[PDB]
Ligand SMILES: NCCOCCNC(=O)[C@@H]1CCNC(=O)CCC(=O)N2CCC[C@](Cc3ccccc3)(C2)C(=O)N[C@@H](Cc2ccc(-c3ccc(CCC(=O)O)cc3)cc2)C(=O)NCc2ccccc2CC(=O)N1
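As a starting point, one isolated chain is supplied in structure tokens, in the form deposited without the ligand.
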């Protein structure tokens, strides 16, 4: 069935725990496969050692810029950017996993985990999975954000990979 992947997250060098994500490869195979491979590192690059660089309480936690660490970078397993696959899955509530972008058809590697229903992003961001385990970890990350998105602790994905 659908891949399960994990992110182990530190804040200021202290482990917060593990976020487990189910990737909806049955709905968005291309988007799911990109994220899966970026978690395993099997292409020679990916999320390990990168950060949650933008976190806004009562909104979302954003990560995946493993090249510039600031929201401008990232790349996919296909090339720098790739198309919006579909908008079938919606931003239904907390725990939704969705692609960050720079407008239409600019998916790379940046992603966010929602902490509320972000319905206004429907039809603009490709949803591709959700949190299976570790919403407590997500809430910790969230609490280290600010209105500006600047984080008050250094939030690092120390390890990541595929569980099944």
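Positions refer to the first chain, counted from 1.
If you look for the form deposited with the ligand bound, you will not find it shown, but the lines that follow are about it.
Trainee: Using the spot the ligand takes in the deposited bound form, and overlaying the site C-alphas onto this chain, is the pocket open or blocked (blocked: 3 or more ligand atoms within 2.4 Å of backbone or C-beta atoms)?
Mentor: Answer blocked: 3 or more ligand atoms come within 2.4 Å of backbone or C-beta.
Trainee: Even though the partner isn't displayed, in the deposited bound form is residue 106 close enough to the ligand, meaning a heavy atom within 4.5 Å?
Mentor: Close contact exists here: in the deposited bound form, residue 106 approaches the ligand to within 4.5 Å, heavy atoms only.
Trainee: Quick one: does residue 30 come within 4.5 Å of the ligand in the deposited bound form, counting heavy atoms only?
Mentor: Close contact is absent here: in the deposited bound form, residue 30 is far from the ligand, nothing within 4.5 Å, heavy atoms only.
Trainee: Is residue 86 one of the residues lying within 4.5 Å of the ligand in the deposited bound form, judged by heavy atom distances?
Mentor: No, residue 86 stays farther than 4.5 Å from the ligand in the deposited bound form.
Trainee: Using a 4.5 Å heavy atom cut-off, state whether residue 125 contacts the ligand in the deposited bound form.
Mentor: Residue 125 belongs to the contact set for the ligand.
Trainee: Within 4.5 Å of the ligand in the deposited bound form, which residues of 20-40 have a heavy atom? Give them in sequence order, or say none.
Mentor: Stretch hits: zero.
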